[PDB]
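This is what each chain is made of:
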Amino acid sequence: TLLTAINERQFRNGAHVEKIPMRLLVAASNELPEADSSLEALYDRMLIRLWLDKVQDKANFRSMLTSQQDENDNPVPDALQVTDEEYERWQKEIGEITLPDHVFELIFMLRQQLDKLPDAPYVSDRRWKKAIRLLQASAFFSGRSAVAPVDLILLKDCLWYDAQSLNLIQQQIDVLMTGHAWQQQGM
Amino acid sequence: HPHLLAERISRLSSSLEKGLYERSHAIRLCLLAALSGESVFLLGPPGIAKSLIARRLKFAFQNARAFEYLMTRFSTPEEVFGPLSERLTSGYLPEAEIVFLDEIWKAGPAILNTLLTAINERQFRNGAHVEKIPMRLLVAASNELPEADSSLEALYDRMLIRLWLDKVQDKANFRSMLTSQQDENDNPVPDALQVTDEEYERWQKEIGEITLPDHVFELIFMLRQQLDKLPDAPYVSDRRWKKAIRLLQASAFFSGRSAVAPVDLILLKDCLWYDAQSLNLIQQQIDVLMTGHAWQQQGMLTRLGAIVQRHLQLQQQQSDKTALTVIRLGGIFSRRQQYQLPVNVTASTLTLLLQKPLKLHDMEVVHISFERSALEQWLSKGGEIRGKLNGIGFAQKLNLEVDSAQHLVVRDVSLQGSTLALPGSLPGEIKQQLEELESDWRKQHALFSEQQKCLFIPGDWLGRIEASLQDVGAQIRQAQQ
Ligand SMILES: Nc1ncnc2c1ncn2[C@@H]1O[C@H](COP(=O)(O)OP(=O)(O)O)[C@@H](O)[C@H]1O
């Protein structure tokens, strides 16, 4: 029933169905599912995959260990809170972002590069289509009208799926970001 | 009336392909099974629009309910069809026109015992009594393949269509797919193209009434024997061949035809295979029959060889009119150098006939094709020469020598002389048989140009049928020169 709330954004309420205004879906755990298990369907649909861990800096640990800020309060002012009308209007302008020819050459090159390496993780067509919705919105909320080549860094937390693909995705993207993104290797 | 049906079918699949690139063979295949009561299997990696095709086929009908479910190892039958109280099956599987079951090669034994009964009988156990299921299309997608000796082989043998979908490969089709603004949960099919419940029940009766020609059945008569002598051929039982007739008859019914067409056999490439090993054998055996025994491609090739053999027999019989004179040359040389004819002969792999036939290499021959690049070195420098027999085989050594009257004498094992001769510059018997064979090629090519506009036919397969028919017509035109 959780798969129908993401694609169709509805729910089987006995007889008639109703829409679900789910604006953000976050899922956390600890371990990873099996490679031949039924839990891979929900994992393949989740776009952003972040690997959070504990703190490592000594200066950032002292202020975190002694924090008087209430975690259940509202530290967001009323002037910065968005309304329901602005959320529905931004969903239409996200898909209207133009796709430059220079950005298409980088997506097709990174996709074909992962298909030749045996240890590279497989990227489906659903992962490539949903990554553009997050990439087009990254430039819309930053003051741009087209897709920028700098938005390709966000793919380092979407293409990976386990501990073996983390060291390969962050390395293959870093080569393209420092080679063909700004004509570094082309020159 | 029958010709207007092909326009509505072609216009219905055109609106369904909006937003799905490189998926024309997957949408047109699911539409034929939805209007005939068949199934379709999809194989490939998860993430190639394998679930949208199940939700898009429900828009073609006026009253159709979709159902998406993922079969797990711990799934219970009370969640797929509905829990009991007598069974709350409101909006599940027994009352759904199109159902989608993702990953079918991993369900439990209880789900497998119930899925095999809703296909052959289309019934459901509602506690005590039984009720029919109006299932019009059953699609199943997964990623891996079941075992060769397990309980999951019963469901695979009943699924007729087995498609192997994959990711996109064209660069031009990937840019428009990566930036598509068409909503996948909308209704892109007009109301005029949507069929009703009365048209679906009427088409099921007209499918079985399609006339079966005797010439079209000859293709399956020979293709069945070829898939049995090879040990690597997949085992195709009689139940698979019986269900293939319903898919072939319905393919020509929606294309404006009343009988089964030989071009409808291309759909069998996604129904006889079962794994990765059978994919390279099914697509190869069908391509040979579709480009050989289909439009009389191979049937005319073996008949053309008899005309060439008959023309060579009449040429070697009248070889006493044209001899073979070898001109001489002067110059200062220690050996007697000979020269060939100038403008009279210019071909490199020319053929030379002979009068009395001999037995060379324990076999008979009627014409010896020599090489112009090697004939000039033997007639001047000397040594040994080579030459194939009957225009085939390797260039074997022959006992070629010069004669007193400037001729070529070929000897064998019994020291038998034979003067060679070249063919002169068409008899009435050869032209009569060549005109009848050329008329059959034009009649067979007209049948392909009147049925290739079918919707359930891939586009890449049209390039091989046209290339095979042109090769037969090009070989018959060279003999009449
Ligand atoms: N080859 C393709 N061509 C066009 N669109 C595609 C393709 N593959 C996936 N999509 C799009 O991705 C979306 C999600 O597909 P999804 O249901 O995840 O596929 P699957 O069922 O194979 O995992 C669909 O709405 C579909 O439009």
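Residues numbered from 1 in each chain as written, not as in the entry; some residues may be left out. Chains lettered and ligands numbered in written order. Part of a larger assembly, values for the part shown. Heavy atoms only, no water.

Structural notes on the sheet that holds strand β7 (residues 161-164) of chain B
All names here are of chain B.
And step 1. Judged by pairing direction, the sheet is parallel, and its five strands sit side by side in the order β2-β3-β6-β1-β7 without closing on themselves. Both outer strands of the open sheet, β2 (68-70) and β7, are each paired with one neighbouring strand and no more. Direction aside, neighbouring strands of the sheet carry axes that sit 20° apart on average.
And step 2. Here strand β1 (residues 39-43) runs beside β7; their pairing, made up of four bridges, is parallel. Within β7, the residue paired with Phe-41 across the bridge is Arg-162.
And step 3. Of the strands in this sheet, β1, β6 (137-141) and β7 are in contact with helix α2 (residues 24-34), which crosses β7 at around 165°. (Pairing = 2+ DSSP bridges. Helix = DSSP H or I, 4+ residues; strand = E, 2+ residues; numbered from the N terminus. Axes fitted to C-alpha atoms, helices over the stretch in contact; angles between N-to-C directions. Contact = heavy atoms within 4.5 Å.)

Section: the packing of aromatic side chains
The relative placement of two aromatic rings is captured by the distance of their centres and the angle of their planes.
And step 1. In total, this model carries 16 aromatic pairs over all chains according to the counting rule given.
And step 2. Taken together, a centroid distance of 5.7 Å and an interplanar angle of 70° make the contact between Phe41(B) and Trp105(B) edge-to-face.
And step 3. Ring geometry for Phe81(B) and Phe124(B): centres 5.5 Å apart, planes at 40°, overall tilted.
And step 4. Residue classification places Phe81(B) among the buried positions, given a relative accessible area of 4%.
And step 5. The exposure class of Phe124(B) is buried, given its relative accessible area of 9%.
And step 6. Among the aromatic residues, ring-to-ring pairing joins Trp90(A), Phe140(A) and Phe141(A) into one connected group.
And step 7. Cation over ring: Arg136(B) sits above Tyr200(B), and NZ or CZ is 4.8 Å from the ring centre.
And step 8. Positioned over the ring face of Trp461(B) is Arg464(B), at 4.4 Å from the centre of the ring. (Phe/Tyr/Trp six-rings, centres within 6.5 Å; stacked < 30°, edge-to-face > 60°. Buried < 20%, exposed > 50% of the residue type's maximum accessible area, 1.4 Å probe, protein only. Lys NZ or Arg CZ within 6 Å of the ring centre and 35° of its normal.)

Examining empty space enclosed by the protein
Residues and elements named next belong to chain B.
And step 1. In this structure, the largest cavity spans a volume of roughly 220 Å³.
And step 2. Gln-340, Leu-341, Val-345, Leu-350 and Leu-375 are the residues nearest the centre of the largest cavity, which is lined by 17 residues in total.
And step 3. Sorting elements by how many residues they give to the lining of the largest cavity places helix α14 (residues 372-380) first, with four residues.
And step 4. Residue classes in the lining of the largest cavity are distributed as 13 nonpolar, two polar and two charged. (1 Å grid on protein atoms, 1.4 Å probe; cavity = no way out; pocket = protein on both sides within 12 Å on 5 of 7 lines; lining within 4 Å. Points joined across faces, edges and corners; volume = space filled by probe spheres on them. Nonpolar A, V, L, I, M, F, W, Y, C, P; charged D, E, K, R; others polar.)

Details of the UniProt feature "binding site: ADP" in chain B
And step 1. Taking the UniProt record as the reference, the feature "binding site: ADP" is found at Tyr21(B), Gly47(B), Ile48(B), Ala49(B), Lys50(B), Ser51(B), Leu52(B) and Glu184(B).
And step 2. Tracing the backbone shows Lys50(B) in the loop between β1 and α3 (52-56).
And step 3. If sequence neighbours within four positions are ignored, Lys50(B) has contacts with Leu42(B), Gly44(B), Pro45(B), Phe100(B), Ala141(B) and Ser142(B).
And step 4. At 2.6 Å, the side chain of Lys50(B) and the backbone oxygen of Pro45(B) are in polar contact.
And step 5. By relative accessible area, which is 14% here, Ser51(B) ends up buried.
And step 6. Discounting residues that sit within four places of it in the chain, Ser51(B) has contacts with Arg45(A) and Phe100(B). (UniProt positions renumbered as here; feature names shortened; annotations may be inferred. Polar contact = N/O pair within 3.5 Å; in protein donor to acceptor, adjacent residues only side chain to side chain.)

So, the site of the ligand
And step 1. Near the ligand there are 18 residues, and of these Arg126(A), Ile48(B), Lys50(B), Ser51(B) and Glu184(B) occur at the shortest range.
And step 2. With respect to the ligand, the chains having nearby residues are chains A and B.
And step 3. With respect to the ligand, the side chain of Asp125(A) contributes an N or O atom lying 3.3 Å from a nitrogen atom.
And step 4. One of the backbone N or O atoms of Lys50(B) is found 2.9 Å from an oxygen atom in the ligand.
And step 5. For the ligand, whose accessible area on its own is 560 Å², the fraction buried by protein is 94%.
And step 6. Considering every element that reaches the shell around the ligand, the biggest residue donor is helix α6 (residues 125-140) of chain A, with three residues. (Near = heavy atom within 4 Å. Areas by Shrake-Rupley, 256 points an atom, 1.4 Å probe, with all protein chains shown as cover.)

Some thoughts on the nonpolar core
And step 1. Core analysis: the largest hydrophobic core is formed by 116 residues, its most contacted members being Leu101(B), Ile161(B), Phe254(B) and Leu265(B).
And step 2. No other element matches α2(B), which puts eight residues into this core.
And step 3. Contact partners of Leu265(B), with chain neighbours within four places excluded, come to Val216(B), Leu219(B), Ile220(B), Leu248(B), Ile286(B), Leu289(B) and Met290(B).
And step 4. One finds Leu135(A), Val147(A), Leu152(A) and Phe174(B) within the second-largest nonpolar core, a separate group that totals 33 residues. (Core = buried A, V, L, I, M, F, W, Y, C linked by side-chain atoms within 4.5 Å.)

Remarks on the side chain of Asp270(B)
All names here are of chain B.
And step 1. Positionally, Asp-270 belongs in the loop between α11 (238-253) and α12 (276-290).
And step 2. Side chain to side chain, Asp-270 and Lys-269 meet in a polar contact 2.8 Å long.
And step 3. Setting aside chain neighbours within four positions, we find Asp-270 in contact with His-25, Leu-160, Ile-161, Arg-162 and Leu-163.

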